[PDB]
Every structure is written in C-alpha cells, then in structure tokens.
>>> print(open('model.pdb').read())   # PDB, C-alpha atoms (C1' of nucleotides)
ATOM      1  CA  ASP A   1      64.946 111.236  33.366
ATOM      2  CA  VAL A   2      62.964 111.347  30.106
ATOM      3  CA  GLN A   3      65.617 109.238  28.363
ATOM      4  CA  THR A   4      65.617 106.767  31.271
ATOM      5  CA  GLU A   5      61.831 106.367  31.300
ATOM      6  CA  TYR A   6      61.752 106.027  27.498
ATOM      7  CA  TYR A   7      64.463 103.347  27.692
ATOM      8  CA  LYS A   8      62.478 101.548  30.403
ATOM      9  CA  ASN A   9      59.273 101.806  28.351
ATOM     10  CA  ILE A  10      60.917 100.444  25.193
ATOM     11  CA  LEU A  11      63.060  97.696  26.761
ATOM     12  CA  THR A  12      60.176  96.326  28.878
ATOM     13  CA  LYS A  13      57.618  97.064  26.178
ATOM     14  CA  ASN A  14      54.885  99.381  27.446
ATOM     15  CA  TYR A  15      52.693 100.268  24.410
ATOM     16  CA  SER A  16      49.943 101.623  26.676
ATOM     17  CA  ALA A  17      52.467 103.719  28.615
ATOM     18  CA  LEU A  18      54.293 104.654  25.400
ATOM     19  CA  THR A  19      50.999 105.947  23.992
ATOM     20  CA  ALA A  20      49.945 107.894  27.141
ATOM     21  CA  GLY A  21      48.747 111.368  26.127
ATOM     22  CA  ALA A  22      49.156 110.942  22.365
ATOM     23  CA  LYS A  23      45.908 111.519  20.475
ATOM     24  CA  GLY A  24      46.936 109.256  17.601
ATOM     25  CA  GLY A  25      49.037 106.871  19.662
ATOM     26  CA  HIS A  26      50.731 105.292  16.635
ATOM     27  CA  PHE A  27      53.948 103.924  18.124
ATOM     28  CA  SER A  28      55.951 101.274  16.260
ATOM     29  CA  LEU A  29      58.220  99.047  18.354
ATOM     30  CA  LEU A  30      59.618  97.086  15.432
ATOM     31  CA  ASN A  31      63.430  97.412  15.299
ATOM     32  CA  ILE A  32      63.825  97.599  19.086
ATOM     33  CA  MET A  33      67.522  98.515  18.843
ATOM     34  CA  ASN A  34      66.691 101.447  16.541
ATOM     35  CA  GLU A  35      64.209 102.808  19.096
ATOM     36  CA  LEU A  36      66.776 102.278  21.867
ATOM     37  CA  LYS A  37      69.345 104.246  19.844
ATOM     38  CA  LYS A  38      66.750 106.981  19.268
ATOM     39  CA  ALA A  39      66.042 107.109  23.014
ATOM     40  CA  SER A  40      69.789 107.260  23.692
ATOM     41  CA  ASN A  41      70.091 110.176  21.257
ATOM     42  CA  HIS A  42      67.069 112.378  22.058
ATOM     43  CA  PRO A  43      63.494 111.843  23.321
ATOM     44  CA  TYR A  44      62.230 114.429  20.805
ATOM     45  CA  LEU A  45      62.788 111.936  17.965
ATOM     46  CA  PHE A  46      59.661 110.116  19.157
ATOM     47  CA  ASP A  47      56.261 111.480  18.192
ATOM     48  CA  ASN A  48      54.283 113.625  20.682
ATOM     49  CA  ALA A  49      57.204 113.786  23.121
ATOM     50  CA  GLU A  50      58.081 117.497  23.185
TER      51      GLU A  50
ATOM     52  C1'  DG B   1     -48.553 102.316  32.647
ATOM     53  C1'  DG B   2     -44.758 100.880  28.833
ATOM     54  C1'  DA B   3     -39.956 101.195  27.466
ATOM     55  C1'  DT B   4     -34.804 101.915  28.370
ATOM     56  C1'  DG B   5     -29.486 102.119  30.614
ATOM     57  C1'  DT B   6     -26.673 100.217  34.238
ATOM     58  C1'  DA B   7     -25.016  96.686  37.800
ATOM     59  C1'  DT B   8     -23.761  91.747  39.855
ATOM     60  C1'  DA B   9     -23.963  86.780  38.946
ATOM     61  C1'  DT B  10     -23.068  82.251  35.956
ATOM     62  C1'  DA B  11     -21.693  79.573  31.732
ATOM     63  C1'  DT B  12     -18.098  79.247  28.047
ATOM     64  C1'  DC B  13     -13.552  80.154  25.500
ATOM     65  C1'  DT B  14      -8.543  80.079  25.829
ATOM     66  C1'  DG B  15      -3.821  80.122  26.603
ATOM     67  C1'  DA B  16      -1.014  78.592  30.456
ATOM     68  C1'  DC B  17       0.274  75.430  34.066
ATOM     69  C1'  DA B  18       0.570  71.018  37.159
ATOM     70  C1'  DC B  19       1.037  66.140  36.678
ATOM     71  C1'  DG B  20       2.123  61.624  34.109
ATOM     72  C1'  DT B  21       5.031  58.885  31.109
ATOM     73  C1'  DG B  22       8.358  57.176  27.713
ATOM     74  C1'  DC B  23      12.890  57.192  25.919
ATOM     75  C1'  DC B  24      16.573  58.480  24.385
ATOM     76  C1'  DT B  25      20.216  61.419  24.574
ATOM     77  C1'  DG B  26      23.280  63.815  27.588
ATOM     78  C1'  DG B  27      26.105  63.278  31.714
ATOM     79  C1'  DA B  28      29.369  60.671  35.270
ATOM     80  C1'  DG B  29      33.431  57.752  35.714
ATOM     81  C1'  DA B  30      37.664  55.294  33.926
ATOM     82  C1'  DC B  31      41.362  54.540  30.408
ATOM     83  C1'  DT B  32      44.329  55.458  26.813
ATOM     84  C1'  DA B  33      46.901  57.373  22.931
ATOM     85  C1'  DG B  34      48.091  61.068  20.258
ATOM     86  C1'  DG B  35      47.813  65.949  19.192
ATOM     87  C1'  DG B  36      49.671  69.827  20.536
ATOM     88  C1'  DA B  37      52.778  72.602  23.651
ATOM     89  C1'  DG B  38      57.626  73.425  24.447
ATOM     90  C1'  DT B  39      62.919  73.453  23.108
ATOM     91  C1'  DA B  40      66.925  73.905  20.078
ATOM     92  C1'  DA B  41      69.218  74.664  15.505
ATOM     93  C1'  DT B  42      69.568  76.730  10.797
ATOM     94  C1'  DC B  43      68.661  79.822   7.316
ATOM     95  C1'  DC B  44      65.978  83.081   4.692
ATOM     96  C1'  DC B  45      62.838  87.170   4.783
ATOM     97  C1'  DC B  46      61.353  91.524   6.831
ATOM     98  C1'  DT B  47      62.139  96.207   9.645
ATOM     99  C1'  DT B  48      64.040 101.063  10.361
ATOM    100  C1'  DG B  49      67.118 104.347   9.333
ATOM    101  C1'  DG B  50      70.306 106.198   6.017
ATOM    102  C1'  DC B  51      72.901 107.113   1.022
ATOM    103  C1'  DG B  52      73.580 107.823  -4.490
ATOM    104  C1'  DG B  53      71.872 108.282  -9.303
ATOM    105  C1'  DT B  54      68.181 107.892 -13.336
ATOM    106  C1'  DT B  55      64.477 109.247 -15.022
ATOM    107  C1'  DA B  56      59.860 108.794 -16.024
ATOM    108  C1'  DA B  57      55.891 110.109 -13.812
ATOM    109  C1'  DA B  58      53.523 113.654 -11.206
ATOM    110  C1'  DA B  59      52.415 118.503 -10.454
ATOM    111  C1'  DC B  60      51.215 123.094 -12.301
ATOM    112  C1'  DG B  61      49.538 126.618 -15.567
ATOM    113  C1'  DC B  62      46.650 128.059 -19.426
ATOM    114  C1'  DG B  63      43.793 128.136 -23.652
ATOM    115  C1'  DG B  64      39.656 126.436 -25.527
ATOM    116  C1'  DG B  65      35.985 123.803 -26.841
ATOM    117  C1'  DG B  66      33.132 119.899 -25.973
ATOM    118  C1'  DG B  67      29.830 118.479 -22.968
ATOM    119  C1'  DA B  68      26.704 119.004 -18.729
ATOM    120  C1'  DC B  69      22.771 121.333 -17.572
ATOM    121  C1'  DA B  70      18.815 124.415 -17.766
ATOM    122  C1'  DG B  71      14.776 126.016 -20.322
ATOM    123  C1'  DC B  72      10.920 125.300 -23.674
ATOM    124  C1'  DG B  73       7.744 122.836 -26.733
ATOM    125  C1'  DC B  74       5.060 118.705 -28.006
ATOM    126  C1'  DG B  75       2.735 114.761 -28.528
ATOM    127  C1'  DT B  76       2.179 110.544 -27.085
ATOM    128  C1'  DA B  77       2.049 106.986 -23.856
ATOM    129  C1'  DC B  78       0.551 105.933 -19.511
ATOM    130  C1'  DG B  79      -2.564 106.924 -15.508
ATOM    131  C1'  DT B  80      -7.417 106.800 -14.087
ATOM    132  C1'  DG B  81     -12.275 105.783 -13.976
TER     133       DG B  81
END
>>> encode(input="model.pdb", output="structure tokens")
Amino acid sequence: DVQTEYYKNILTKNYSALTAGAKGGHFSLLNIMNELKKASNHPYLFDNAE
DNA sequence: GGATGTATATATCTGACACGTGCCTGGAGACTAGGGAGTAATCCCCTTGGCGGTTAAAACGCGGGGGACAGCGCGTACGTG
C-alpha cells in the first residue's frame, strides 16, 4: 500500500502530499523514472518515510 | 465699603465643507491587425544514480613564537567657560 501510494504521488505529482509530515520537506521530483524505480524497490529510499 | 474669582453670552479666527464653473482628460463604443498562445519536429544540455583510478588538496596533530591584549605612565591636545 505504501508503494502504491508513493507511485500515485509521484506519477500524478503531489509535492504537497509528498511532503506531508516531513519537517524539511525537501523532495526532488527531477528524474521521474528514477523516483518511480525507487518506489518500486522500497519506500524507505525516500526521506522521512520510515 | 473696596477688591477679587467664577459663570454665561457675543465677536473673531480657522480649517473644513457645500456650491459653482471650466476643461480637459478619462471613459464608452467600434474596428482592425498583429502579438502572443498553441502545435510539431529536431537536437543539444541537464538530472539522478552508479562505477574506476589519480592525486592533489583537505584534515589532524604538535611545537613554538609572534602578536593580541591588558596594565601603567605621561603629556598634550581637546573640552569648557
């Protein structure tokens, strides 16, 4: 479910939702396919996701 | 009996407001052309994540000595009347 919601947030870009509870909130959505591969691998690759 | 402090009434200042007037500059309406929005193609530059190898620059430790800083004197230059 976490992988699915991260894929939905990246593919339909949701910077406000991708920030969410992060204090810094420094999310880079350049190289969309790289972030999609990271979401397909593990959600813990993203910052403030564990 | 003379002199003194307070209270309401009228004339004058003083900025603000109602009215008047010109006039000119902004607004209403119509028309047009062109500037900018949108589309497609092509090619070069940038992004994020990796790798390998060189090597010169960065980091760390330590001695020491040069310089920052504190204290004291003095005399003169500036404050003060």
>>> interface_residues(input="model.pdb", of="chain B", to="chain A", cutoff="10 Å", atoms="all atoms listed in the file", output="number ranges by chain")
B: 47-49
>>> resolve_selection(input="model.pdb", expression="the PyMOL selection byres ((chain A and resi 7) around 12)", output="PyMOL selection string")
chain A and resi 1-6+8-14+18+32-43+46
>>> atom_distance(input="model.pdb", atom1="atom CA of residue A:22", atom2="atom CA of residue A:50")
11.1 Å
>>> residues_around(input="model.pdb", residues="residue A:21", least_positions_apart="5", cutoff="10 Å", atoms="all atoms listed in the file", output="ChimeraX atom specification")
/A:16,48-49
>>> atom_distance(input="model.pdb", atom1="atom CA of residue A:45", atom2="atom CA of residue A:27")
11.9 Å
>>> decode(input="model.pdb", residues="stretch 9-43 of chain A", atoms="N, CA, C and O atoms", output="tab-separated table (two decimals), in the first residue's frame")
chain	number	residue	atom	x	y	z
A	9	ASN	N	1.58	9.19	-5.88
A	9	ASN	CA	2.01	10.54	-5.57
A	9	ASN	C	3.08	11.03	-6.54
A	9	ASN	O	3.14	12.23	-6.83
A	10	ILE	N	3.95	10.14	-7.02
A	10	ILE	CA	5.00	10.56	-7.94
A	10	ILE	C	4.45	10.72	-9.36
A	10	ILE	O	4.71	11.72	-10.03
A	11	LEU	N	3.66	9.74	-9.82
A	11	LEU	CA	3.19	9.74	-11.20
A	11	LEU	C	2.16	10.82	-11.49
A	11	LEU	O	1.97	11.20	-12.65
A	12	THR	N	1.49	11.34	-10.46
A	12	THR	CA	0.44	12.34	-10.61
A	12	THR	C	0.77	13.56	-9.76
A	12	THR	O	-0.09	14.04	-9.02
A	13	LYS	N	1.99	14.10	-9.95
A	13	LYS	CA	2.85	14.76	-8.96
A	13	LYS	C	2.16	15.56	-7.86
A	13	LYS	O	1.34	16.45	-8.13
A	14	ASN	N	2.49	15.23	-6.62
A	14	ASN	CA	1.75	15.63	-5.43
A	14	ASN	C	2.72	16.12	-4.36
A	14	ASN	O	2.77	15.56	-3.27
A	15	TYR	N	3.55	17.10	-4.73
A	15	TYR	CA	4.57	17.74	-3.88
A	15	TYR	C	4.09	18.08	-2.47
A	15	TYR	O	4.81	17.85	-1.50
A	16	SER	N	2.87	18.61	-2.35
A	16	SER	CA	2.28	18.87	-1.04
A	16	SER	C	2.00	17.57	-0.30
A	16	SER	O	2.27	17.46	0.91
A	17	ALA	N	1.46	16.57	-0.99
A	17	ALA	CA	1.22	15.27	-0.37
A	17	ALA	C	2.51	14.48	-0.18
A	17	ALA	O	2.61	13.68	0.75
A	18	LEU	N	3.49	14.68	-1.07
A	18	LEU	CA	4.78	14.02	-0.90
A	18	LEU	C	5.56	14.61	0.27
A	18	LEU	O	6.37	13.91	0.89
A	19	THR	N	5.35	15.89	0.58
A	19	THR	CA	5.96	16.49	1.76
A	19	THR	C	5.33	15.93	3.03
A	19	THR	O	6.01	15.29	3.84
A	20	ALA	N	4.02	16.17	3.20
A	20	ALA	CA	3.19	15.69	4.31
A	20	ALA	C	3.75	16.06	5.68
A	20	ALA	O	3.76	17.23	6.07
A	21	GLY	N	4.23	15.06	6.42
A	21	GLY	CA	4.76	15.23	7.76
A	21	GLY	C	6.24	15.49	7.85
A	21	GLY	O	6.79	15.51	8.96
A	22	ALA	N	6.93	15.69	6.72
A	22	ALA	CA	8.36	15.97	6.76
A	22	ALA	C	8.61	17.39	7.24
A	22	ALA	O	7.98	18.34	6.77
A	23	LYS	N	9.53	17.53	8.20
A	23	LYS	CA	9.85	18.85	8.73
A	23	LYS	C	10.62	19.69	7.70
A	23	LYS	O	10.33	20.88	7.53
A	24	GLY	N	11.58	19.08	7.02
A	24	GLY	CA	12.28	19.76	5.95
A	24	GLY	C	11.45	19.86	4.69
A	24	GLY	O	11.29	20.94	4.12
A	25	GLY	N	10.89	18.73	4.27
A	25	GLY	CA	10.07	18.68	3.07
A	25	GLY	C	10.82	18.95	1.79
A	25	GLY	O	10.28	19.61	0.89
A	26	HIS	N	12.05	18.46	1.67
A	26	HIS	CA	12.89	18.73	0.51
A	26	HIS	C	12.86	17.51	-0.41
A	26	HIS	O	13.74	16.66	-0.40
A	27	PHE	N	11.81	17.45	-1.22
A	27	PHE	CA	11.61	16.35	-2.16
A	27	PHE	C	11.90	16.83	-3.57
A	27	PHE	O	11.38	17.86	-4.01
A	28	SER	N	12.74	16.08	-4.29
A	28	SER	CA	13.11	16.40	-5.66
A	28	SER	C	12.43	15.41	-6.59
A	28	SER	O	12.65	14.19	-6.48
A	29	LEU	N	11.61	15.92	-7.51
A	29	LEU	CA	10.93	15.09	-8.49
A	29	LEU	C	11.54	15.21	-9.88
A	29	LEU	O	10.89	14.84	-10.87
A	30	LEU	N	12.75	15.73	-9.98
A	30	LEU	CA	13.52	15.55	-11.21
A	30	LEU	C	13.92	14.09	-11.33
A	30	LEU	O	14.09	13.39	-10.32
A	31	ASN	N	14.05	13.63	-12.58
A	31	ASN	CA	14.25	12.22	-12.94
A	31	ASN	C	13.12	11.36	-12.37
A	31	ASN	O	13.29	10.59	-11.42
A	32	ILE	N	11.94	11.57	-12.97
A	32	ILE	CA	10.69	10.92	-12.56
A	32	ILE	C	10.82	9.40	-12.59
A	32	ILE	O	10.38	8.71	-11.66
A	33	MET	N	11.46	8.86	-13.63
A	33	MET	CA	11.64	7.42	-13.74
A	33	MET	C	12.55	6.86	-12.65
A	33	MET	O	12.33	5.74	-12.18
A	34	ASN	N	13.54	7.64	-12.21
A	34	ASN	CA	14.38	7.21	-11.09
A	34	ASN	C	13.59	7.13	-9.79
A	34	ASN	O	13.76	6.18	-9.02
A	35	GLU	N	12.71	8.10	-9.54
A	35	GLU	CA	11.86	8.04	-8.36
A	35	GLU	C	10.83	6.92	-8.45
A	35	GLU	O	10.49	6.32	-7.43
A	36	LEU	N	10.34	6.63	-9.65
A	36	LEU	CA	9.43	5.50	-9.83
A	36	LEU	C	10.13	4.17	-9.59
A	36	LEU	O	9.55	3.26	-8.99
A	37	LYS	N	11.39	4.05	-10.02
A	37	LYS	CA	12.17	2.85	-9.74
A	37	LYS	C	12.47	2.72	-8.25
A	37	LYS	O	12.47	1.61	-7.71
A	38	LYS	N	12.74	3.85	-7.58
A	38	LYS	CA	12.95	3.83	-6.14
A	38	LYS	C	11.69	3.42	-5.39
A	38	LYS	O	11.76	2.69	-4.40
A	39	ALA	N	10.53	3.90	-5.84
A	39	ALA	CA	9.26	3.49	-5.24
A	39	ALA	C	8.95	2.03	-5.52
A	39	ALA	O	8.34	1.35	-4.68
A	40	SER	N	9.34	1.53	-6.69
A	40	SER	CA	9.16	0.11	-6.99
A	40	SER	C	10.11	-0.76	-6.17
A	40	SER	O	9.80	-1.93	-5.91
A	41	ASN	N	11.26	-0.23	-5.77
A	41	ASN	CA	12.19	-1.01	-4.96
A	41	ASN	C	11.78	-1.02	-3.49
A	41	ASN	O	11.47	-2.07	-2.93
A	42	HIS	N	11.77	0.15	-2.85
A	42	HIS	CA	11.47	0.27	-1.43
A	42	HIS	C	11.06	1.70	-1.09
A	42	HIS	O	11.72	2.65	-1.53
A	43	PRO	N	10.00	1.89	-0.30
A	43	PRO	CA	9.63	3.25	0.13
A	43	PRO	C	10.64	3.88	1.07
A	43	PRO	O	10.65	5.11	1.20
